[PDB]
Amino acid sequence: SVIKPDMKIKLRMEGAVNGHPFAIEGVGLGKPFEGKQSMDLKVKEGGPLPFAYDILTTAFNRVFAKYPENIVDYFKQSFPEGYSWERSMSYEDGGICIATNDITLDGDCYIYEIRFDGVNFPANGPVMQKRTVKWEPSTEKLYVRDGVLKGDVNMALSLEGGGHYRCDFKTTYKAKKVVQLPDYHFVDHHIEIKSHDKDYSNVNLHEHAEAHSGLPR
């Protein structure tokens, strides 16, 4: 439809962590039906970021997930109008981020307007001390609630010198028009920073995602 095998992405994120503001812009491309995407991100304000870049990366579109034909695709159906999402990310040490993304479509380019805010990260914690390595792969659980789509996922950051730092995501996705609602399902994800410069002013980010129905029977 309005969706093509190769799509472009443009974004601006504005935000703050522990009261310190920053802004990031990004350009990328993705393959909606392969569930793969990548982009280049540049910090424009507030650099160099004094916190772990990893907390931001999942804020940078479930349109980029490979949906089998037997699972309703809330996201691909929502276009050209698009959809928005809201997310809380609650870290096990009391750090908490919340983010929004309003996703629109211009030609073959998705446009993100993102807001990201985080508070209560301990000064000596892995986020403020930049001790994170990457997010582990994950499996998001998606279900309908109040006529919109919810997605929850147990996330974990691998830490420098071993161990994990846990975060629970609760996302609400809201199509901008009426679409068919899916049954309970899953999306496996794996997000990776493929490259970055020393202070993360420049980051090349990649994600691979595939929908499924879990173990049979």
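Don't overthink the numbering: it's just position in the shown sequence, from 1.
Asker: Count of coordinate-less deposited residues separating residue 51 and residue 52, as none, 1 to 3, 4 to 9, or 10 or more?
Answerer: In the record, the chain runs straight from residue 51 to residue 52 with none unmodelled.
Asker: Pick between 14-22 and 193-201: the one whose mean CA B-factor in the entry is higher.
Answerer: Taking the mean B-factor of the alpha carbons in each, 193-201 is higher.
Asker: On average, are the C-alpha B-factors higher in 124-132 or in 103-111?
Answerer: Looking at the recorded C-alpha B-factors, 103-111 comes out higher on average.
Asker: Can you pull the Cα B-factors for 152, 45, 34, 188 from the entry and say which is highest?
Answerer: Within the set 152, 45, 34, 188, 34 shows the top C-alpha B-factor.
Asker: Reading the B-factor column of the entry, which of 156, 148, 55, 39 has the highest value at its C-alpha atom?
Answerer: That would be 39, according to the entry.
Asker: Pull the Cα B-factor of residue 168 out of the PDB entry and bin it into the chain's lowest, middle or highest third.
Answerer: Bottom third by C-alpha B-factor.
Asker: When the modelled residues of the chain are sorted by Cα temperature factor, does residue 79 land in the lowest, middle or highest third?
Answerer: Its C-alpha B-factor, which the entry lists for residue 79, ranks in the highest third among residues of this chain.
Asker: What third of its chain, lowest, middle or highest, does the C-alpha temperature factor of residue 73 fall into?
Answerer: Tercile = highest for this residue's CA B-factor.
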